[PDB]
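Undergrad: model the following, please.
(2 chains, ligands or ions: 3)
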Amino acid sequence: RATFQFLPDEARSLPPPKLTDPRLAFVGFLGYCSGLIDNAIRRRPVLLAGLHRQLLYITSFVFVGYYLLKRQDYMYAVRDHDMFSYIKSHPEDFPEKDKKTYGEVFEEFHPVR
Amino acid sequence: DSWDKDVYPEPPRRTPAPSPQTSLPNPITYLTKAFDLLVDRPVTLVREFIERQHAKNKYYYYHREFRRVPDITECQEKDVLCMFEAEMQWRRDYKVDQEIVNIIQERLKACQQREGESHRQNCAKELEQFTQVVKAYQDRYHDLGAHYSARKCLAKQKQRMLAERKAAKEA
Ligand SMILES: CCCCCCCCCCCCCCCCCC(=O)OC[C@H](COP(=O)(O)OCCN)OC(=O)CCCCCCCCCCCCCCCCC
Ligand SMILES: CCCCCCCCCCCCCCCCCC(=O)OC[C@H](COP(=O)(O)OCCN)OC(=O)CCCCCCCCCCCCCCCCC
Ligand SMILES: N=C(N)NC(=N)NCCc1ccc(I)c(Cl)c1
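TA: Residues are numbered from 1 along each chain as shown, chains lettered A, B, ... in the order given. Ligands and ions are numbered 1, 2, ... in the order given. You can find the structure just below:
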């Protein structure tokens, strides 16, 4: 809602992503893969070389991914808050139907002969 | 005994007593006595041993009872939670009705073998019962297709009910 803000203040009333979020685990995995590719293109032992470098790949991805996931969750909360409030403001456009049962509704039968 | 004689009926047995009109010995009589001595007795004792072990470890299993739930006629349109239960119930009844037709078919075939050359006249009740049940099964389930559902079954019934109403109106 706030102009050119990555995370408006109201976003703090939502629960933050857990640090065991499955989406966050995937992002951390992508950082691990990036670390491996870095060793491979530079012709270093892929698994062993530069564990300090590999750690920072995992850490940076998880750090950025945590905030992206938080904004992602925030934008979907905002979408629903907007959508439900609009429905409340315009009842005549979203009228509750009278729900007929299947014993009353006539559906045509199409034999598979 | 083992099954229910009501569900699988067998007419009472009538065996003619032997009336040998020949002096010769009957080969079947002695082979029967040999079969009982050489096969039946040893096989019978081996079974009685097994039936002793089972009696020392008696445990039970049960036939599942399915409570009745509202059928698809009582379900609101697109209410999956009520549709799901009615749909599953209808599917269970579809399988049971299939086995009902199998039971009636089994009676029909058992009668045809039992009566021999007289089956044409002595299996009229079985044939009639089979004819009626196949008519009922056909009306319920025939021509629904591979993707059958309680909804398609209901739509087929309503169409049938409409046709019967209109003919009755012509009367
Ligand atoms: C829980 C983990 C589940 C694994 C999921 C894998 C998904 C794909 C991830 C892609 C990123 C892989 C890492 C980047 C490639 C670096 C590896 C390499 O270049 O060569 C293999 C290398 C061994 O050879 P070397 O160069 O001599 O290094 C010595 C180190 N032992 O290093 C090695 O010892 C092996 C390193 C991994 C080899 C990956 C081989 C390519 C995989 C890509 C195929 C597509 C993946 C499957 C698609 C479905 C995804 C689930
Ligand atoms: C959308 C959802 C998915 C989320 C995607 C997230 C993507 C964004 C996350 C950032 C991506 C880049 C992360 C790269 C990590 C590898 C950094 C590293 O290990 O550097 C090792 C070393 C340099 O490290 P150094 O500069 O000394 O550390 C202090 C940094 N101020 O020396 C080296 O050998 C590095 C050489 C390999 C790196 C390639 C060249 C780039 C140079 C980067 C310099 C360091 C940047 C520090 C990254 C911090 C990011 C928080
Ligand atoms: N179609 C457009 N031009 N605009 C647009 N994205 N309308 C859709 C409305 C929308 C969808 C998702 C979210 I999250 C939010 Cl907050 C609002």
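
Undergrad: how far out from the middle of the chain is the biggest helix by length in chain A?
TA: Looking across chain A with DSSP state H, the single longest helix is helix A:51-89. Averaging C-alpha coordinates over helix A:51-89 and over its chain gives two centres that are 6 Å apart (CA atoms, centre = their mean, to the nearest Å).

Undergrad: could you do stretch B:133-146 as well?
TA: The chain centre lies 17 Å from the centre of stretch B:133-146; the measure is CA atoms, centre = their mean.

Undergrad: alpha carbons of that stretch, in CSV - could you do that?
TA: The C-alpha coordinates for stretch B:133-146 follow below in CSV (Å, rounded to 0.1, in the frame of the first residue of the first chain):
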residue,chain,number,x,y,z
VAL,B,133,-33.3,-59.0,-11.9
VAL,B,134,-31.5,-58.3,-15.2
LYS,B,135,-34.3,-55.9,-16.2
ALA,B,136,-33.8,-54.1,-12.9
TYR,B,137,-30.0,-54.0,-13.2
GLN,B,138,-30.3,-52.8,-16.8
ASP,B,139,-32.7,-50.0,-15.8
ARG,B,140,-30.4,-48.8,-13.1
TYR,B,141,-27.0,-49.0,-14.7
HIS,B,142,-27.0,-49.7,-18.4
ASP,B,143,-25.6,-47.2,-20.9
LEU,B,144,-24.1,-44.9,-18.2
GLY,B,145,-20.6,-45.3,-19.7
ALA,B,146,-17.2,-45.6,-18.3
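
Undergrad: list the buried residues for that stretch?
TA: Along stretch B:133-146, the positions that meet the burial threshold by neighbour count (16 or more other CB atoms under 10 Å in any protein chain shown) are B:133, B:137, B:141, B:144. No exception for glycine: its C-beta is placed from N, CA and C like everyone else's.

Undergrad: mind checking the backbone torsions on residue A:101?
TA: Recorded main-chain torsions at residue A:101 are phi -80, psi 170, according to degrees, to the nearest 10.

Undergrad: ok, it touching residue B:71?
TA: No. With contact defined as CB atoms under 8 Å, residue A:101 and residue B:71 do not form a contacting pair (10.3 Å).

Undergrad: what about residue B:95, helix or strand, and which?
TA: Assigned by DSSP states H and E, residue B:95 falls within helix B:80-115.

Undergrad: quick one: that helix to chain centroid distance?
TA: Chain-centre distance of helix B:80-115: 8 Å, with CA atoms, centre = their mean.

Undergrad: what's the following helix or strand after it?
TA: Counting by DSSP H and E, the element that comes right after helix B:80-115 along the chain is helix B:119-122.

Undergrad: please work out how many residues are found near residue 79.
TA: Just going to use chain A. Residues contacting residue A:79 under the criterion other CB atoms under 10 Å in any protein chain shown number 10.

Undergrad: nope, chain B
TA: For residue B:79, the number of neighbouring residues by other CB under 10 Å comes to 13.

Undergrad: list the residues that contact it.
TA: Applying CB atoms under 8 Å, 6 or more residues apart in numbering or on different chains, we find residue B:79 in contact with residue A:99.

Undergrad: looking at the buried residues of stretch B:133-146, which is nearest residue A:59?
TA: Nearest to residue A:59 among those: residue B:144, at 59.5 Å, using CB to CB.

Undergrad: quick revisit: what helices and strands are in contact with the helix holding residue B:95?
TA: If contacts are counted by 3 or more CB pairs under 8 Å, 6 or more residues apart in numbering or on different chains; DSSP states H and E, helix B:80-115 sits against helix B:119-122, helix B:124-141, helix B:150-170.
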